[PDB]
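> opening with a subset of the complex:
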Amino acid sequence: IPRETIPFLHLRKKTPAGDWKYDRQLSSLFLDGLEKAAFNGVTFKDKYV
């Protein structure tokens, strides 16, 4: 992820001001997950939906 670039998929964090802006950390947690899911897949064993 470039500096000063918001990915096409991202997570957001509510500022105390109250707005939902892009949080790079959260978006990294999410995008890294997606990557790991592309390479290994994800299990949903034991999940009731």
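Cool, the structure landed. Numbers count the residues shown, from 1 in each chain, chains lettered A, B, ... in the order given.

> what number of residues lie near residue A:38?
9 (other C-beta atoms under 10 Å). Placement of C-beta: from N, CA and C, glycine included.

> residue A:24 now?
Residue A:24, neighbours per other C-beta under 10 Å, totals 15.

> nearest residue to the most centrally placed residue in chain A in space, please, no chain neighbours.
Centrality entry for chain A: nearest residue to the mean C-alpha point is residue A:30, 2.3 Å, by C-alpha atoms, centre = their mean. Spatial nearest neighbour of residue A:30, excluding adjacent residues (C-beta to C-beta, 6 or more residues apart in numbering): residue A:11 at 4.9 Å.

> related to what we said a few turns ago, can you give me phi and psi for the residue nearest to the centre of chain A?
When read as degrees, to the nearest 10, the backbone of residue A:30 gives phi -70, psi -50.

> that one contacts residue A:8, doesn't it?
No - in this structure, residue A:30 is not within contact of residue A:8 by C-beta atoms under 8 Å, at 11.7 Å.

> could you look up the SS state of residue A:21?
strand (DSSP: H, G, I helix; E, B strand; the rest coil).

> how much space between it and residue A:31?
17 Å (C-beta to C-beta, to the nearest Å).

> now for chain B:
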Amino acid sequence: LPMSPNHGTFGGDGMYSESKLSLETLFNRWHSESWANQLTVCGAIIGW
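With chain B now in place:
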């Protein structure tokens, strides 16, 4: 939560934009009420 990025941006949604914007109160209700151990809210803003 199936959320929308376009609250009455486009023509005649009917009452769609209204339904999809209301959902967003759960981001606060989660904290202010008392179901926080029974549900968690995950709002997805579905794109094109």
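
> again for the neighbour count of residue A:24, since chain B is there now?
The tally of other residues near residue A:24 (other C-beta atoms under 10 Å in any protein chain shown) stands at 15.

> ok now do it, which residues does it touch?
residue A:1 (C-beta atoms under 8 Å, 6 or more residues apart in numbering or on different chains).

> ok so, going back, contact partners for the residue nearest to the centre of chain A?
Residue A:30 touches A:9, A:10, A:11, counting by C-beta under 8 Å, 6+ apart.

> swap in residue B:46?
Neighbours of residue B:46 in contact, by C-beta under 8 Å, 6+ apart: B:2, B:3, B:4, B:5.

> correct me, but residue A:13 touches residue A:20?
Yes - contact status for residue A:13 versus residue A:20: in contact at 7.2 Å, counting by C-beta under 8 Å.

> to what extent is residue 43 buried, counted in neighbours?
Here I'm looking at chain A. Neighbours of residue A:43 (other C-beta under 10 Å): 7.

> chain B, not that one
There are 13 residues near residue B:43, going by other C-beta under 10 Å.

> how near is it to residue A:15?
From residue B:43 to residue A:15 the distance is 16 Å (C-beta to C-beta).

> with residue B:12 instead?
34 Å.

> got it, and residue B:10?
In terms of C-beta to C-beta, residue B:10 sits 28 Å off from residue A:15.

> slot chain C in:
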Amino acid sequence: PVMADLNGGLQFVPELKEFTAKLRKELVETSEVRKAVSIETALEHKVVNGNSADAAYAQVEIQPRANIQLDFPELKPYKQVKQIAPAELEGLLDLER
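Just below you will find chain C, in place on the chains above:
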């Protein structure tokens, strides 16, 4: 609570309604002028160059009819037949039983 932007940057394109609508108009117009101009250049041809010279230029479609079949079984070349069962079998069986 988590909020996930799964909107691939559409957020940024300005006047999205009108922008959207324009693309649609430009497309639809380009389609309808292009199809209306061709339908007229095509009639101009039938006028200038006769409709009997263009009539012997369409092809004839053929439409299927039903050929119900008894569906007998298929008999293979004997070469392949003898490959199925053991060569020992030849004349071993009383075919009357």
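
> try the contacts of residue A:30 again now we have chain C.
A:9, A:10, A:11, C:4.

> so the last one touches residue B:45, yeah?
Yes - with contact defined as C-beta under 8 Å, residue C:4 reaches residue B:45; the gap is 6.6 Å.

> between those two, who's got more neighbours?
Neighbours were counted for residue C:4 and for residue B:45 using other C-beta under 10 Å; residue B:45 has more, 22 against 19.

> tell me if the more buried one really is in a strand.
Yes - assigned with three-state DSSP, residue B:45 falls within a strand.

> how about the closest residue to chain C within chain B, what does it touch?
In chain B, no residue comes nearer to chain C than residue B:47, which is 3.6 Å away by C-beta to the nearest C-beta. Applying C-beta under 8 Å, 6+ apart, we find residue B:47 in contact with B:5, C:6, C:7, C:8, C:10.

> how much space separates the third one from residue C:63?
Going from residue C:7 to residue C:63 by C-beta to C-beta gives 50 Å.

> for the two, indicate the residue with more neighbours.
Set side by side, residue C:7 and residue C:63 show more neighbours around residue C:7, with 20 against 4, by other C-beta under 10 Å.

> that one reaches residue B:48, doesn't it?
Yes - the pair residue C:7 / residue B:48 is scored as a contact, 7.4 Å apart, by C-beta under 8 Å.
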